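Structure, as structure tokens:
There are 4 protein chains.
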Amino acid sequence: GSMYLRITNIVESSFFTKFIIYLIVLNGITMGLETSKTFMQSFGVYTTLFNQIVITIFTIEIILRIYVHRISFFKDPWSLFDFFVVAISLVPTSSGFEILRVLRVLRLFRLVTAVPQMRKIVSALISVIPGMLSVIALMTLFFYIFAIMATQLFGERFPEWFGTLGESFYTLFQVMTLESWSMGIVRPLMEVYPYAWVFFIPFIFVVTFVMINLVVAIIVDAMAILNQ
Amino acid sequence: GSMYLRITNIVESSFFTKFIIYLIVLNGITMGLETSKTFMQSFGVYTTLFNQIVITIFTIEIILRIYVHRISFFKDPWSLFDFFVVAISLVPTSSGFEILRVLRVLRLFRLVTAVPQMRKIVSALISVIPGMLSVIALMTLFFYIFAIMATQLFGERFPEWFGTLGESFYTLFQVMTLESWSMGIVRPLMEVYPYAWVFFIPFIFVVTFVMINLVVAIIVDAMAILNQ
Amino acid sequence: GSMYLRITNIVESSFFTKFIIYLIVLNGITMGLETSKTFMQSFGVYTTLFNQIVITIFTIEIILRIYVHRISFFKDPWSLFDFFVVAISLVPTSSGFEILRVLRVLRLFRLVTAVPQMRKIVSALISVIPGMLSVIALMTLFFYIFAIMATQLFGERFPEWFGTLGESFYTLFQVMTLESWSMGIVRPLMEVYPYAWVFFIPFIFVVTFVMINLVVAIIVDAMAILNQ
Amino acid sequence: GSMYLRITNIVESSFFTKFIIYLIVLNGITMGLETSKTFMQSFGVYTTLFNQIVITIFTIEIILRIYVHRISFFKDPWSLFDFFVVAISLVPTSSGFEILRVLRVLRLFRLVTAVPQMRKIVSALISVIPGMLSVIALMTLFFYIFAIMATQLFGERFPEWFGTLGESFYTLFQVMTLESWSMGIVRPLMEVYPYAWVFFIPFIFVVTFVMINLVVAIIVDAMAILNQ
Ligand SMILES: CCCCCCCCCCCCCC(=O)OC[C@H](COP(=O)(O)OCC[N+](C)(C)C)OC(=O)CCCCCCCCCCCCC
Ligand SMILES: CCCCCCCCCCCCCC(=O)OC[C@H](COP(=O)(O)OCC[N+](C)(C)C)OC(=O)CCCCCCCCCCCCC
Ligand SMILES: CCCCCCCCCCCCCC(=O)OC[C@H](COP(=O)(O)OCC[N+](C)(C)C)OC(=O)CCCCCCCCCCCCC
Ligand SMILES: CCCCCCCCCCCCCC(=O)OC[C@H](COP(=O)(O)OCC[N+](C)(C)C)OC(=O)CCCCCCCCCCCCC
Ligand SMILES: CCCCCCCCCCCCCC(=O)OC[C@H](COP(=O)(O)OCC[N+](C)(C)C)OC(=O)CCCCCCCCCCCCC
Ligand SMILES: CCCCCCCCCCCCCC(=O)OC[C@H](COP(=O)(O)OCC[N+](C)(C)C)OC(=O)CCCCCCCCCCCCC
Ligand SMILES: CCCCCCCCCCCCCC(=O)OC[C@H](COP(=O)(O)OCC[N+](C)(C)C)OC(=O)CCCCCCCCCCCCC
Ligand SMILES: CCCCCCCCCCCCCC(=O)OC[C@H](COP(=O)(O)OCC[N+](C)(C)C)OC(=O)CCCCCCCCCCCCC
Ligand SMILES: CCCCCCCCCCCCO[C@@H]1O[C@H](CO)[C@@H](O[C@H]2O[C@H](CO)[C@@H](O)[C@H](O)[C@H]2O)[C@H](O)[C@H]1O
Ligand SMILES: CCCCCCCCCCCCO[C@@H]1O[C@H](CO)[C@@H](O[C@H]2O[C@H](CO)[C@@H](O)[C@H](O)[C@H]2O)[C@H](O)[C@H]1O
Ligand SMILES: CCCCCCCCCCCCO[C@@H]1O[C@H](CO)[C@@H](O[C@H]2O[C@H](CO)[C@@H](O)[C@H](O)[C@H]2O)[C@H](O)[C@H]1O
Ligand SMILES: CCCCCCCCCCCCO[C@@H]1O[C@H](CO)[C@@H](O[C@H]2O[C@H](CO)[C@@H](O)[C@H](O)[C@H]2O)[C@H](O)[C@H]1O
Ligand SMILES: [Ca+2]
């Protein structure tokens, strides 16, 4: 209609989204203050009301957006994110997990999707990921196989670190980040299993060498984009 | 013959290797569950049978592959790997080391050699290695010489870390990864040998500087490949 | 006038700034010795006088520079820095914070602004920063949102690390540097909150992946400068 | 003469240096065994004799080399290194420091100078250094200025880490490597000086950011070499 076009030109208004962005940074500050228990004694009700004010506004104005765009809205990854972020924010407290209330803070990520400069940089990062998928596949296979080996080789006498497949996953990722791999994992390990370095020195080497290539690769593919 | 060509067109069948790949991921999951002792009480016999089912299949079908290809098979590094991986998997339990049973998990790496996308990424990594061989030679020489020096300079009062050439190798590699080099090695060292930094600050610097070049080099040689 | 031009050709003299540079390295050494309490017992008065000698000289000769250049001086970032560095150096001891006396050492950074080769390398580094501003914005938003989440999720039972928004900021930056993230933060955390890895493994991953891109980006933009 | 040319064509003989290289790896192994006290009880005299055999040979054959080349020898950095390495190896035990005997192991680095492939890779690394000299100057100035500040700000209550200019240098380098910067330096520091992060978070940032550029720079200058 021209009703649909009236709503649409309010919805795609620059001011409309600048008001939204403004609502985001305001509520962002809000949530910064609600970590403080001092501030929460004084203005607990103030901030808890503002939070509801803004979330209804977001639901009001995602209703409007869906009107304007219908199917195309749900095929847009930025819009989808604002949907599922305001969704998890909608569910009320004391229903399901209580952890859902920390997830309310995800609303702030609307800033990324509402700002164009932020949307540009995110798309640039996400762009890189497809080229990485082979290396990620390889590395996951490598982690999985060594997790099993380490679980089997060390999980009985070292149950906190290797007693479980998932425990070995975590410990192995720790090692890969190089965080206390020697004086916190392998040197203790070796106190019982003196040849444990035979398992972990190669693990280090391979994991490192692969990550280097992961990065080198990303660089090359960015230069191949400039050279066209 | 045309028998040889009949076997060969079953062996090079797409479906044939898709069945193999499928057998790999199945058994991969299997081995994930056999880390669990719960699952092993219930279905111990089930998984231990599946494992034998699949390994015979792999030996059956490496026999077929060798038939089809004979000498050319044993000059292919992917095929060779499947040979020596199914080989170490063949030897029965309680013969030789018992560690051979964790090595059975290496079978999962067949995924890398059976999948073409995985084979591509591995070849890409292995490609990089030849250019690195000079730097690796240098660094090994450097490690060896400092290992000796550190063994001699510190192995008596610090026998757990430097008492042996191999111990100093391990400790020096630890340092290179920067893992607790100061508050776990050098600062304790210095409690007795106050000028120990004179040995380790340069060691750090050289090792770091070389590794940077190792990487920078890899990058350049990848760009020299794009620029042709 | 030609008075103004007489002062100006003394002020822009090569020798003039070589004398200044010389005054900087001398006083640099001075301040190296005044860390020593031995040296301060013997020559305390000597160095404390030299320091005043030189600072008056610097104020004398920033007066001259402002004469020669007036407004253009205050629109130059190198000159501005020498202004505010000699300014904070001017304020006398025991007025305001006492920390202002360590800030006197900032005078040595005049070397960067007085030497041309040093000025070149600093401008090269500062040049890089504008391209980084999107990624920095993103990362700050990401840090802020996870700081809040971590403050809320863990600040009661872990008040030293997550009890405050700013405490969580510091702890999260620690994690990003990978410094004791597992055996000093997450593994203790998990002793009470077993699913804490669900918060921190992703945090690691995202922070790392972004930093890689931060760097990769810098590289590309430097090559885009060579290719013109 | 043609005597000089007779000696010269023995000295520049391929076999001559292959014999030398062979002497190096032999003695390299020797010195590996002399770390072992077992081996030193049995063959102490054997290895200690071999060591003298080879060093005289090296002095014999650096005499020959100097004959062949005279001044040009002493303007070659590879030859110079073999001079000063065999020199420090010449001085006998129990004269001066005893540390001179560990320096005997430096002889093994003759491998780098005697092998051409090794000489190539070393020259490639050393090549990189000139471009780095500005950044190194800057960073040294930065380290020095913060060392002083940290010595003054923290050396009284933290004398093991900051009580001395050189102590602060070491601690600051530790921080730069990120080794236990938080749970081993700054968090303890903060127990007394709660605003200590104001000094160290910026220090981290600047040091990191500079090192990135140090590396990025090296990459660019290597590509500028390929693009000619
Ligand atoms: C479009 C441009 C937007 C520009 C925004 C830039 C934002 C950059 C991040 C700013 C970080 C703020 C500094 C900070 O984290 O402060 C730490 C303090 C210390 O804790 P504090 O609560 O004082 O503890 C005292 C004891 N207590 C609880 C009993 C009162 O904790 C507090 O006191 C709470 C202070 C909350 C300040 C929140 C400021 C953030 C601005 C909004 C961020 C953008 C939202 C999308
Ligand atoms: C953009 C494309 C994708 C990006 C890359 C990420 C994809 C790969 C991620 C790993 C996939 C597998 C996930 C997995 O195995 O998780 C299982 C475990 C189960 O945890 P659980 O046993 O409940 O907890 C263990 C800790 N505990 C008991 C001491 C409290 O959960 C853990 O606790 C382990 C934590 C995960 C370790 C990280 C493994 C990384 C795999 C290699 C990735 C290379 C990155 C380049
Ligand atoms: C071609 C596409 C293939 C796609 C596959 C992608 C695979 C990515 C890695 C997946 C990682 C699986 C998650 C994981 O590690 O779980 C940790 C759990 C926790 O230990 P759990 O055994 O529950 O401990 C409970 C106590 N207990 C032992 C008495 C029962 O440990 C377990 O409960 C055992 C769970 C085993 C799950 C195995 C799933 C891996 C899929 C196959 C991998 C490919 C093989 C080549
Ligand atoms: C793709 C081309 C090749 C890839 C690069 C790898 C080649 C170089 C690897 C090192 C070669 C030398 C191997 C070696 O020296 O190993 C001897 C020692 C003997 O161990 P052992 O004395 O039985 O155990 C010591 C630990 N303990 C007693 C406290 C339980 O074994 C150890 O425990 C030491 C562990 C090895 C330390 C790593 C040394 C790296 C050398 C520099 C490589 C630079 C990489 C870019
Ligand atoms: C344009 C070209 C300029 C070239 C300059 C290159 C500068 C490079 C950095 C040099 C670093 C100097 C070495 C250093 O940090 O020495 C540590 C010593 C050890 O502490 P020390 O004070 O001996 O402790 C003994 C006990 N005590 C206090 C009771 C006496 O601490 C001391 O004894 C104090 C020694 C102060 C030496 C200062 C030398 C720096 C030169 C000026 C730097 C340039 C200024 C812009
Ligand atoms: C050239 C363009 C800009 C360069 C990038 C830098 C800009 C971003 C810096 C962070 C901005 C926000 C600053 C902020 O939130 O500071 C608040 C807190 C308040 O400290 P406070 O609560 O007084 O002290 C906590 C420690 N305590 C209690 C145990 C003694 O202060 C702290 O103690 C936290 C220390 C800061 C943590 C670093 C956060 C980094 C944000 C992400 C930056 C990514 C870098 C690529
Ligand atoms: C041109 C091509 C040259 C190719 C050479 C490649 C060299 C690569 C590095 C090889 C590293 C050798 C492995 C290693 O570090 O072994 C650690 C062992 C363990 O200590 P060990 O002495 O067995 O301790 C037992 C207790 N004890 C002392 C009472 C007997 O310590 C020992 O038992 C001593 C073993 C010494 C073996 C030395 C082998 C190095 C070859 C020469 C290196 C080139 C010299 C330039
Ligand atoms: C290829 C071109 C050149 C390569 C770059 C290297 C040039 C710069 C190196 C540093 C120059 C200044 C040297 C210096 O200040 O050393 C003084 C101190 C004095 O040590 P001292 O007070 O006897 O021992 C302290 C430890 N203690 C008491 C607890 C046992 O000695 C130490 O103990 C401190 C150890 C040195 C810390 C490293 C400082 C690095 C400066 C920034 C370099 C950036 C690298 C990219
Ligand atoms: C790139 C290729 C991949 C390389 C991967 C190869 C990994 C090599 C594995 C080396 C493992 C070293 O770890 C090794 O673990 C076994 C566990 O059975 C120990 O074995 C020891 O403990 C077990 C209990 O678990 C006892 O039953 C056994 O009698 C005893 O010797 C070894 O003493 C230890 O040194
Ligand atoms: C890039 C070039 C390569 C640089 C490599 C040069 C390495 C320099 C070596 C510095 C070593 C410092 O380590 C130094 O070790 C010797 C060991 O003899 C110590 O010496 C001390 O211990 C030994 C026992 O072992 C005693 O016999 C001796 O009387 C005592 O002084 C020094 O107090 C310590 O400071
Ligand atoms: C890229 C996407 C971003 C991913 C970010 C998602 C973060 C996921 C959060 C996982 C957090 C895990 O941390 C989780 O913290 C909560 C705190 O309520 C704990 O919950 C526990 O402690 C709290 C007290 O604080 C009790 O009230 C509660 O009954 C108890 O279960 C969980 O046992 C712990 O595992
Ligand atoms: C990029 C720009 C460079 C940024 C560099 C700026 C560095 C900023 C310095 C912040 C230092 C924080 O460290 C600060 O040290 C002083 C030391 O006087 C402490 O001060 C405290 O200790 C001293 C003793 O030494 C007492 O005399 C004083 O009364 C007390 O307040 C502060 O409580 C602490 O927080
Ligand atoms: Ca660490």
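Going line by line, the protein sequences match chains G, A, Z and U. The authors' numbering puts the first residue of the first sequence at 999, with every later residue one more than the last. The authors' numbering puts the first residue of the second sequence at 999, with every later residue one more than the last. The authors' numbering puts the first residue of the third sequence at 999, with every later residue one more than the last. The authors' numbering puts the first residue of the fourth sequence at 999, with every later residue one more than the last. We treat Cβ as the ideally placed atom computed from N, Cα and C, and that holds for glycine.
State buried or exposed for A/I1058, treating a residue as buried only when at least 16 other CB atoms are found within 10 Å of its CB.
Indexing the second sequence from 1 puts residue 1058 of chain A at position 60. Exposed is the call here.
The alpha helix (DSSP H) enclosing A/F1095, as first and last residue numbers:
Position 97 of the second sequence, counted from the first residue, corresponds to residue 1095 of chain A. Note, A/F1095: premise wrong, no alpha helix (DSSP H); not H, not E.
Counting only Cβ pairs nearer than 9 Å, list the residues of chain Z close to U/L1176.
Position 178 of the fourth sequence, counted from the start, is the residue given in the question as residue 1176 of chain U. Residues of chain Z passing the Cβ test: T1175, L1176, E1177.
Using a threshold of 8 Å, state whether the C-beta atoms of A/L1136 and U/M1001 are closer than that.
Taking the second sequence and counting its residues from 1, the one referred to as residue 1136 of chain A is at position 138. Taking the fourth sequence and counting its residues from 1, the one referred to as residue 1001 of chain U is at position 3. Not closer than 8 Å, so no.
Can you find a C-beta in chain G that's less than 8 Å from the C-beta of A/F1107?
Along the second sequence, one-based indexing puts residue 1107 of chain A at 109. Yes, A/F1107 lies at the interface with chain G (some Cβ there is under 8 Å from its Cβ).
Looking at A/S1012 and ligand 3, is the gap between the Cβ and the nearest heavy atom below 7 Å?
Here residue 1012 of chain A is taken as the residue at index 14 of the second sequence, counted from 1. Every heavy atom of ligand 3 is 7 Å or more from the Cβ of A/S1012, so no.
Once you ignore the five residues that flank A/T1169 on each side, which residues in its own chain have a CB closer than 8 Å to its CB?
Here residue 1169 of chain A corresponds to residue number 171 of the second sequence, with the count starting at 1. Cβ within range, chain order: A1148, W1159, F1160, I1183.
Per-residue contacts from Z/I1216 into chain U (C-beta, under 9 Å)
Residue numbering aside, residue 1216 of chain Z sits at position 218 when the third sequence is read from its first letter. Within 9 Å Cβ-Cβ: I1210, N1211, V1214.
Please check if any C-beta of chain G sits within less than 8 Å of the C-beta of Z/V1133.
Counting from one through the third sequence, the residue named residue 1133 of chain Z turns up at place 135. Output row for Z/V1133: interface = yes.
Helix or strand or just coil, what does DSSP make of U/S1011?
Residue 1011 of chain U sits at position 13 when you count from the first residue of the fourth sequence. Reduced to three states, the DSSP call for U/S1011 is coil.
Helix, strand or coil, according to DSSP, for U/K1016 in the structure here?
Against the fourth sequence, residue 1016 of chain U aligns to sequence position 18. Looking at U/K1016 - three-state DSSP - the assignment turns out to be helix.
Taking the alpha carbon of A/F1144 as the point to measure from, which residue in A/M1029, A/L1109, A/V1196, A/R1063 has its own alpha carbon closest?
In the second sequence, residue 1144 of chain A corresponds to position 146, counting from 1. Closest option to A/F1144, Cα to Cα, is A/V1196.
Buried/exposed call for G/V1089, threshold 16 Cβ in 10 Å:
Here residue 1089 of chain G refers to the residue found at position 91 of the first sequence. Flag for G/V1089 reads exposed.
Name, going along the chain, the residues of the stretch 1080-1114 of chain A whose beta-carbon falls closer than 9 Å to a beta-carbon of chain U.
none
Hey, does U/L1136 have any beta-carbon neighbour from chain Z nearer than 8 Å?
Position 138 of the fourth sequence, counted from the start, is the residue given in the question as residue 1136 of chain U. So, interface residue.
C-beta neighbour in chain G for Z/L1151, strict 8 Å
One-based indexing of the third sequence puts residue 1151 of chain Z at position 153. Yes - at least one Cβ of chain G is within 8 Å of the one on Z/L1151.
Considering only C-alpha positions, which residue in the set A/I1216, A/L1021, A/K1016 is nearest to A/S1125?
For the purposes of this step, residue 1125 of chain A is taken as residue 127 along the second sequence, with counting starting at 1. Nearest of A/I1216, A/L1021, A/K1016 to A/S1125, Cα basis: A/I1216.
Can you find a CB in chain G that lies within less than 8 Å of the CB of A/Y1168?
Position 170 of the second sequence, counted from the first residue, corresponds to residue 1168 of chain A. Closer than 8 Å: yes.
At a threshold of 7 Å, does G/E1189 count as lining ligand 13 (C-beta to nearest heavy atom)?
Position 191 of the first sequence, counted from the first residue, corresponds to residue 1189 of chain G. Every heavy atom of ligand 13 is 7 Å or more from the Cβ of G/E1189, so no.
Which bits of chain G does Z/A1220 rub up against, with CB to CB less than 9 Å?
Sequence index remark: in the third sequence, residue 1220 of chain Z carries index 222 (1-based). Ordered by position in chain G, no residue passes the 9 Å Cβ test against Z/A1220, which lies about 11 Å from the chain.
Any chance you could list the residues with Cβ under 7 Å from a heavy atom of ligand 1, keeping chain order?
G/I1022, G/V1023, G/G1026, G/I1027, G/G1030, G/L1031, G/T1033, G/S1034, G/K1035, G/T1036, G/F1037, G/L1106, G/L1109, Z/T1138, Z/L1139, Z/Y1142, Z/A1145, Z/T1162, Z/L1163, Z/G1164, Z/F1167
Nonlocal neighbours in the same chain, by C-beta distance under 7 Å from Z/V1120, ignoring five residues either side
Counting from one through the third sequence, the residue named residue 1120 of chain Z turns up at place 122. Same-chain partners within the cutoff: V1110.
Quick one: does Z/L1187 have its CB under 8 Å from some CB of chain G?
Taking the third sequence and counting its residues from 1, one reaches residue 1187 of chain Z at position 189. Closer than 8 Å: no.
If contacts are defined as beta-carbon pairs under 8 Å, then A/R1063 and A/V1083 qualify, I think. What distance do you get, rounded to the angstrom?
On the second sequence, position 65 is the one that residue 1063 of chain A refers to. On the second sequence, position 85 is the one that residue 1083 of chain A refers to. At roughly 13 Å, the Cβ-Cβ gap does not stay under 8 Å, so A/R1063 and A/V1083 are not in contact.
For A/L1021, go through chain G and note every residue whose CB falls closer than 9 Å to its CB, in chain order.
Indexing the second sequence from 1 puts residue 1021 of chain A at position 23. None at all; the shortest Cβ gap to chain G is about 15 Å.
C-beta atoms of A/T1045 and A/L1031 nearer than 8 Å
The residue you call residue 1045 of chain A lines up with position 47 of the second sequence. The residue you call residue 1031 of chain A lines up with position 33 of the second sequence. In contact: A/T1045 and A/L1031 (Cβ atoms closer than 8 Å).
Report the three-state DSSP secondary structure of Z/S1125 (helix, strand or coil).
Numbered from its first residue, the third sequence carries residue 1125 of chain Z at position 127. In the structure shown, Z/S1125 sits in a helix (DSSP, three-state: H, G or I).
What's the call for Z/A1220, buried or exposed, on a 16-neighbour Cβ count within 10 Å?
Walking along the third sequence from the start, residue 1220 of chain Z turns up at place 222. Flag for Z/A1220 reads buried.
Please determine if the stretch 1094-1103 of chain A and the stretch 1006-1019 of chain A are in contact, where contact requires at least 3 C-beta pairs separated by less than 8 Å.
no
Return the CA-CA distance between U/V1043 and U/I1018, expressed in angstroms with no decimal places.
Position 45 of the fourth sequence holds residue 1043 of chain U. Position 20 of the fourth sequence holds residue 1018 of chain U. Approximately 22 Å, taken between the alpha carbons.
For ligand 11, is there any heavy atom lying closer than 7 Å to the beta carbon of G/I1223?
Stepping through the first sequence from its first residue, residue 1223 of chain G is reached at position 225. No, since every heavy atom of ligand 11 falls outside the 7 Å radius drawn around the Cβ of G/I1223.
Could you name the residues of chain G that A/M1147 contacts, counting a contact when the two beta carbons are closer than 7 Å?
By one-based count along the second sequence, residue 1147 of chain A stands at place 149. Going along chain G, no residue has its Cβ under 7 Å from A/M1147, so there is no contact; the nearest lies around 20 Å.
What does A/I1143 touch in chain U if you count any residue whose Cβ is under 8 Å from its own?
Numbered from 1 along the second sequence, position 145 holds the residue referred to as residue 1143 of chain A. Those are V1103, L1104, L1106, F1107, listed as they occur along chain U.
Close-in-space but distant-in-sequence residues of the same chain around residue 995 of chain G (CB under 6 Å, 5 per side omitted)
Limits of chain G in this structure are 999 at one end and 1226 at the other, which puts residue 995 of chain G out of reach.
Any chain Z beta carbon closer than 8 Å to G/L1123:
Position 125 of the first sequence holds residue 1123 of chain G. Yes, contact with chain Z.
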